[PDB]
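In case you want the letters, here they are:
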Amino acid sequence: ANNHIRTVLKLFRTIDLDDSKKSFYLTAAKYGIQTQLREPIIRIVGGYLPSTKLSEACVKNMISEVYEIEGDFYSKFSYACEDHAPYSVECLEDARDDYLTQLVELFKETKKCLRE
Amino acid sequence: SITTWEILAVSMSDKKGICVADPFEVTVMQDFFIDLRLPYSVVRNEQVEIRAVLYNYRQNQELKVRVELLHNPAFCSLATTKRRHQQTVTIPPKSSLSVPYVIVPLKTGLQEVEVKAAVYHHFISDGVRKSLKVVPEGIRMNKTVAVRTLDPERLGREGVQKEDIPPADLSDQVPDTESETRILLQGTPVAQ
Amino acid sequence: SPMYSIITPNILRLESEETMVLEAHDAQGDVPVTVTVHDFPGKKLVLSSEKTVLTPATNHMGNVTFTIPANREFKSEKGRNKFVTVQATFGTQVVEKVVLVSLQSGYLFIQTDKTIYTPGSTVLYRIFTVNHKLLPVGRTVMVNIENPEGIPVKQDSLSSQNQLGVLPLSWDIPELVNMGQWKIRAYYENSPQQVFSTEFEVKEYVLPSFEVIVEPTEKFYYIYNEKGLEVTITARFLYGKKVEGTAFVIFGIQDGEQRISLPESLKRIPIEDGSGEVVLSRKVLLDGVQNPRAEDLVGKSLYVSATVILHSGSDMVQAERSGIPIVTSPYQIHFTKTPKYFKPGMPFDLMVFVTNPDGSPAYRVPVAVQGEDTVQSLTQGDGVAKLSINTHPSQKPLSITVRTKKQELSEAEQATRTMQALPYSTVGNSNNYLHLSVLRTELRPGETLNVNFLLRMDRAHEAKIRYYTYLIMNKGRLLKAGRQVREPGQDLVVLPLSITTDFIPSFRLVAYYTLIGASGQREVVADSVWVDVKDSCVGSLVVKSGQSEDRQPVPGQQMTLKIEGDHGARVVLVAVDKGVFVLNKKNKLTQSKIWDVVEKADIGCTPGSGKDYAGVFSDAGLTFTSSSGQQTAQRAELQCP
Amino acid sequence: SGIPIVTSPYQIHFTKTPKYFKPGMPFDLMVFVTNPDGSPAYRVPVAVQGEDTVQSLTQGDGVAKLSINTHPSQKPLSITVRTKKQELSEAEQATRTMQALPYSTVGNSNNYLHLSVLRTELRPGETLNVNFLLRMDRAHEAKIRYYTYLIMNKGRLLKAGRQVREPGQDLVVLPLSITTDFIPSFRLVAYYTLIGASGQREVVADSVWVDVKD
Ligand SMILES: *[C@@H]1O[C@H](CO)[C@@H](O[C@@H]2O[C@H](CO)[C@@H](O)[C@H](O)[C@H]2NC(C)=O)[C@H](O)[C@H]1NC(C)=O
Ligand SMILES: *[C@@H]1O[C@H](CO)[C@@H](O)[C@H](O)[C@H]1NC(C)=O
Ligand SMILES: *[C@@H]1O[C@H](CO)[C@@H](O)[C@H](O)[C@H]1NC(C)=O
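*Asks:* Which parts of the structure should I look at to understand the interface of chain D and chain C?
*Replies:* In many reports, interface size means the accessible area that the parts give up when they come together. The interface is formed by 35 residues belonging to chain D together with 35 residues belonging to chain C. Counting the surface lost from both chain D and chain C, the interface buries some 2900 Å², and carbon and sulfur atoms represent 50% of this. Across the contact surface, chain D and chain C share two salt bridges. Among the salt bridges present, the one from D:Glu126 reaches C:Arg364, with a minimum N-O distance of 2.6 Å. Here chain D is connected to chain C by eight residue pairs in polar contact. Contributing elements (two or more residues each) for the side of chain D that touches chain C: β5 (55–57), β10 (127–135) and β13 (171–177) of chain D. The biggest single contributor to the side of chain D that touches chain C is β10(D), with five residues. Residues belonging to the side of chain D that touches chain C are distributed by class as follows: 13 nonpolar, 15 polar and seven charged.

*Asks:* What's the story with the environment of C:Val317 in this structure? I'm lost.
*Replies:* Residues and elements named next belong to chain C. Examined against the element boundaries, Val317 turns out to sit in strand β23 (residues 316–325). Since its relative accessible area comes to 8%, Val317 is described here as buried. Non-local contacts of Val317, meaning those with residues more than four positions away in its chain, are made with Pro208, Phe210, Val212, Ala306, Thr307 and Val308.

*Asks:* What is the right way to look at the pattern of salt bridges in this model?
*Replies:* Should the charged atoms of two oppositely charged side chains come close, the side chains can pair. Under the criterion given, the structure shown has 26 salt bridges over all chains. Here B:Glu49 makes a salt bridge to B:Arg51, at a shortest N to O gap of 3.3 Å. With relative accessibility at 25%, the residue B:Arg51 sits in the partly exposed group. The partner of C:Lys82 in a salt bridge is C:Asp39, with the nearest N and O atoms 2.8 Å apart. With a gap of 43 residues between them, C:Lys82 in strand β6 (residues 82–90) and C:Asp39 in strand β4 (residues 33–40) connect regions that are remote in the sequence. What makes C:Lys82 buried here is its relative accessible area of 18%. Bridged by salt links that share partners, the residues C:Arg459, C:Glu462 and C:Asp491 form one connected network.

*Asks:* Got a minute to help me understand the packing of aromatic side chains in this structure?
*Replies:* The description of an aromatic ring pair rests on the distance of the ring centres and on the angle between the ring planes. All told, the structure shown has 34 aromatic pairs over all chains when counted by the stated rule. Look at A:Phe73 and A:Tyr99: their rings are 4.6 Å apart centre to centre, the planes differ by 40°, and that puts the pair in the tilted class. Here A:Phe73, found in helix α4 (residues 57–78), pairs with A:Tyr99, found in helix α5 (residues 89–110); they are 26 residues apart in sequence, far enough to count as distant. A relative accessible area of 2% means that A:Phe73 is categorised as buried. Residue A:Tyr99 is classed as buried on the basis of its relative accessible area of 4%. Pairing C:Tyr424 with C:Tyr433 gives two aromatic rings, centres 6.2 Å apart and planes at 70°, and the pair type is edge-to-face. Since its relative accessible area comes to 5%, C:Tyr433 is described here as buried. Within the aromatic cluster, the residues linked to one another by ring pairs are A:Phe24, A:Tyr25, A:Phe73, A:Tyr74, A:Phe77, A:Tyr87 and A:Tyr99.

*Asks:* Looking at this structure, I do not really get the sheet that holds strand β37 (residues 492–498) of chain C. What am I missing?
*Replies:* Backbone-to-backbone hydrogen bonds pair the strands of a sheet. The strands run either parallel or antiparallel. Residues and elements named next belong to chain C. A sheet is described by the order of its strands in space; here three strands give the open sequence β33-β34-β37, paired in antiparallel fashion. Edge strands, defined here as strands with exactly one partner in the open sheet, are β33 (433–437) and β37. Within the sheet, the average angular offset between the axes of one strand and its neighbour, ignoring direction, is 25°. Of the pairings in the sheet, the one linking β33 to strand β34 (residues 448–456) comprises five bridges and is antiparallel in character. Its bridge partner being in β34, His435 is matched across the sheet by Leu454.

*Asks:* Before we go on, may I ask you to explain the interface of chain B and chain C in this structure?
*Replies:* Each partner contributes residues to the interface: chain B has 45 residues there, and chain C has 65 residues. Within the residue set of the side of chain B that touches chain C, elements represented by two or more residues are β1 (4–12), β2 (24–27), β3 (32–37) and β5 (48–56) of chain B. Tallied by class, residues from the side of chain B that touches chain C come to 22 nonpolar, nine polar and 14 charged.

*Asks:* Can you help me understand the pairing of strand β11 (residues 146–152) of chain D in this one?
*Replies:* Along a regular strand, successive side chains alternate from one face of the sheet to the other. Residue and element names in this part refer to chain D. Two strands pair when backbone bridges link them, and β11 and strand β12 (residues 157–164) are joined in this way by seven bridges, in the antiparallel orientation. Bridge pairing in β12 links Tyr146 to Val164. Counting the residues between successive antiparallel strands, the hairpin from β11 to β12 contains four residues, one of them, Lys154, with a positive phi of roughly 55°. Pairing analysis gives three bridges linking β11 to strand β15 (residues 189–196), with the strands arranged antiparallel.

*Asks:* So what exactly am I meant to see when it comes to the arrangement of the chains here?
*Replies:* For the four pairs of chains in contact, the maximum contact count is reached by chains B and C. Where chain B comes nearest to chain D, the C-alpha atoms are still 20 Å apart, and the two do not contact one another.

*Asks:* What am I meant to see in the sheet that holds strand β10 (residues 109–119) of chain B here?
*Replies:* Residues and elements named next belong to chain B. What the five strands build is an open sheet, ordered β4-β11-β10-β6-β8; its pairing is mixed. What marks the edges here is a single partner per strand, and that holds for β4 (41–43) and β8 (85–88). Sheet twist, expressed as the average angle between the axes of neighbouring strands with direction ignored, equals 30°. Relative to β10, strand β6 (residues 65–69) runs antiparallel, the two sharing five bridges. Following the sheet pairing, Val67 is matched in β10 by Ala117.

*Asks:* For this particular structure, what's the right way to read the nonpolar core?
*Replies:* Within soluble globular proteins, side chains that are nonpolar tend to cluster in buried spots. In terms of nonpolar packing, the biggest core is built from 50 residues, with C:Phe507 and C:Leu509 touching the most fellow members. Mapping this core onto the domain boundaries places at least three of its residues in each of domain 1 (1–106 + 601–632) and domain 5 (432–536) of chain C.

*Asks:* Please clarify how the side chain of C:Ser209 should be interpreted in this entry.
*Replies:* Turning to its location among the elements, C:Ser209 is positioned in the loop between β15 (196–202) and β16 (210–216). Every residue in contact with C:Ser209, bar those within four places of it in the chain, is listed here: B:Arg37, C:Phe237, C:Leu238 and C:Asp315.

*Asks:* What am I meant to see in the domain arrangement of chain D here?
*Replies:* All names here are of chain D. Domain boundaries assigned for chain D yield domain 1 (9–110) and domain 2 (111–214). Taking only C-alpha atoms into account, the centre of domain 1 sits 23 Å from that of domain 2. Counting residues at the interface gives 12 residues for domain 1 and 14 residues for domain 2. The contact between domain 1 and domain 2 buries some 1500 Å² in all, and 51% of this surface belongs to carbon and sulfur atoms. For domain 1, the biggest contributors to the area lost against domain 2 are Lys22, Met25 and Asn110; these three give 36% of the whole. Here domain 1 is connected to domain 2 by one salt bridge. The partner of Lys22 in a salt bridge is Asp206, with the nearest N and O atoms 2.3 Å apart. The tally of links between domain 1 and domain 2 comes to four residue pairs in polar contact. Counted by class, the side of domain 1 that touches domain 2 contains six nonpolar, four polar and two charged residues.

Scoring rules and cut-offs
- Residues numbered from 1 in each chain as written, not as in the entry; some residues may be left out.
- Chains lettered and ligands numbered in written order.
- Part of a larger assembly, values for the part shown.
- Heavy atoms only, no water.
- Residues with missing side-chain atoms left out of burial classes, pairs and counts.
- Contact = heavy atoms within 4.5 Å.
- Buried area = accessible area lost by both parts, 1.4 Å probe.
- Salt bridge = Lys/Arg side-chain N within 4 Å of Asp/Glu carboxyl O.
- Polar contact = N/O pair within 3.5 Å; in protein donor to acceptor, adjacent residues only side chain to side chain.
- Helix = DSSP H or I, 4+ residues; strand = E, 2+ residues; numbered from the N terminus.
- Nonpolar A, V, L, I, M, F, W, Y, C, P; charged D, E, K, R; others polar.
- Buried < 20%, exposed > 50% of the residue type's maximum accessible area, 1.4 Å probe, protein only.
- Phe/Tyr/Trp six-rings, centres within 6.5 Å; stacked < 30°, edge-to-face > 60°.
- Pairing = 2+ DSSP bridges.
- Axes fitted to C-alpha atoms, helices over the stretch in contact; angles between N-to-C directions.
- Core = buried A, V, L, I, M, F, W, Y, C linked by side-chain atoms within 4.5 Å.
- Domains from an automatic or database assignment.

Below, the structure written as structure tokens:
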């Protein structure tokens, strides 16, 4: 439909990320969330009849837990980067793997909210 | 990158030997994307056009693509901090398009340009951010600073040799440009 | 007196397991023997271990395995041939034969992720360390990178210990570098003269957006054809889509190293649906060159330099195909596999290597002998067609000429070739032969094989022989020895053979017997044969995608890919965009290159048979020394003529 | 329906194996190993019980080549085949016994003939080689100067020809052209003739069975 997509965009425009963190990290995290938790979800949501009702409580839960998982990713990127220097792109790329893996598993688990 | 990847695998078995796999092909294709085609290197303070291609490989559906060039302080295009450079183009199905832009580089180093596309009546976007290398105007030229033969017994006497190498003036060298200097040592092979 | 025979590879390798088959004929009881190796000249006592006793129960058979140590004395001299002495003490009998020693001690394979690198970009290459048996080994590797003019720029000294034969290395090209054909060269510490190399070029490139392949209908141009050369342009997008643009074609004659262009052959063919064609009238080709003669063009070549432009005027790709021959005959005949020595009064084998003019092997093309043309055969998938000619028992040399007999072609187009084979020579003209007729088909590991031993001797001496001795070469060293019994009166004996995965790619089989003949003079008759095996991995590594659904994955979307390989092995991976392969597809690595290198590194270069027993053993790559005094020839050159 | 309950995961058939062997020459064994339901098994190592060093793997057609070294004796010869596939016990492997009779000539003159053929997944067009193994003493060897071979496809004389053989050769090779008209099988029948004994005409013949891809 169209109203559902507007609601999903309104939910995904409430995500607040620090500007103080590194620009390349911020771009990588935003790109990951956009390509693994917005594009498939928007594609799924767009194919609904207008009369169908959409839940939002666990979508807000999704937003809370994606905040916390991005916080943990930043934690691994900042100081838990033992393999290379802190704030280096090498361990950012290293942690991108499990970041994206966790995100896709999250989406596979949460695909059950979209219909009540 | 919107392209096809080739994966080549090589084993190392302690008991069997060495094997090389046949190439594996995976084609990463999307129904709508942008392929920013750039010259590898441009020259500072000289206008060069750029081309953005808006592919469209859907079914007979039509797309009202909107493409814009976000302002960059390292380039001189029509996009500024306040004003915006927007176009509203239409892509016939199973076809292509090319939106030209004019960009004038300002500072040397390694700058980037990017375009963003949003599709109307649907919700799908794709932006490409590539980096084009900028080099100040000039060419390659290599004068020899000095060449000499090392022979302490024959040159300098006393079994020693002191050689003075005067640095090249390089009065025509481009300002704020690095310049390497390779030092080569080669002996004299005598036999028989 | 019983004769003692020692068989060793004709060329020895430092730091490797080299076998020395010990066999005794007519031996009585247990005969202990200790084998010792001494440097030549002098006596440095390099190795004298691995002694073994013989047993009549095991048919007096035994092989000793050791390794020649690598010392500074061998490495002191690298510009001249060096030899060592192997000596065996068969109880109270002493036998010793000199043998050449080489410096090759393994192979180096260099894999680079890309083939073209822009200045200011990293270089990632892996050094593969394997031995003569193609196994991981721990050695020391020197790595050097040379600019096109020939100046080393970066040198290293790595060790393959604890790395399981894989050494990952990196290098950073300076942002300001002379472009050209860069080279990476590596060599083992023990043999600095042996240099392995790869080639990657630095270019001022940007990745294209599509691939252009020009495929002529036939990989040649018949000189008398009236239509002329036809070339088909097939432009395809990298991600599996068709192109709608325009193309330019120009045909040039490539004679020697000088390229001559044809201004009048330029055409603007509009490529549609990712396909197109363009003609070249024979008149243009004839008039373009100065000489209007026809036969002078034979031996030259053409090349197509196609340039493809999209309708949008975005990107240009230059695709070039060169090496299309100009030959009056659509087929070629090669005798690189046929044995050069037959056996009088005995079936003779004629492997003909029928190939396309460019070099690729042909397929399903009839061949026949000029005389008694009823014999015909068809080339298999490997471009080899079996033949069989009955040979009269005459000492005169026989001349064989073969000519392809494909229909719908005249007598002028068929390719011809002439070959002269010399008869096998015995000792004392005793007319004692041995032949080994074997299947030569597209053999694979596991499938069985049937060697046919065909003895030929008079009835007065058909009882003394009671067995056979056969050896199997592979990659320069022995693989398996054994005795095939033969009770008296059985003219034909069949030896079942197990072709495992270790016989890749081409094992050379020899066989010989011995007896007393003439008036009490000991003698030996030998034989050899060349057999091909399918070129494939010793293991089996396959890469396939686990996700069977969700066709054409979106960028940024994960997939899972399986790696089906042998357990306990180490796998290295690399992903390469096909754009760089579009812009450069040479100097890669594959199984074919590896097997070509291994085959080139062989020790013998005569596909079976020979002038005589000593010649047969010398060509097969073995030296055979007897206690009585029978011996092979002497080899002192690393590369055979 | 038809899933069997058999203690042995393999079966062995001797329908393609010749029932008569020439003493003193390689008697070929066409072991036909099949799955319990009836489908031809593939890639199982068959072997002879004696001299276990001899073994082979079946081709894609369910038949495996074999080769034995028959002794020059007139006694009956017995062969038993026992598969030796690994990771199975000694009871699971299938076993089969067979007793072959020796070829009998006329006058007990030992005038034999053998004819060995390549046995694989043959295709039309691909050439073939047959080996003619004569066996006679050199006193009467010079009399024979030719061979006669016949080809039978679908029970008719497909091609008859004479293969010449010069004296002194213990064997000859006859190239064969397998066209598309040889499908699905043919039987070479080779014989010669000469005066033998003390004035009695003698004839010795032979035959072989060859499969062609269907
Ligand atoms: C050559 O040496 C090898 C060394 O192993 C011999 O291989 C052994 O052969 C015996 C029986 O032939 C087997 O029982 C052993 O298991 C084999 N060894 C290994 C490690 O597998 C080989 O037999 C020798 N060649 C000859 C002709 O005896
Ligand atoms: C300067 O560079 C050129 C390549 O542009 C090359 O010939 C060489 O390195 C230098 N020229 C001379 C004449 O030495
Ligand atoms: C008869 O035999 C000859 C032998 O060459 C053969 O060519 C021919 O096809 C056979 N059939 C007839 C009818 O002649």
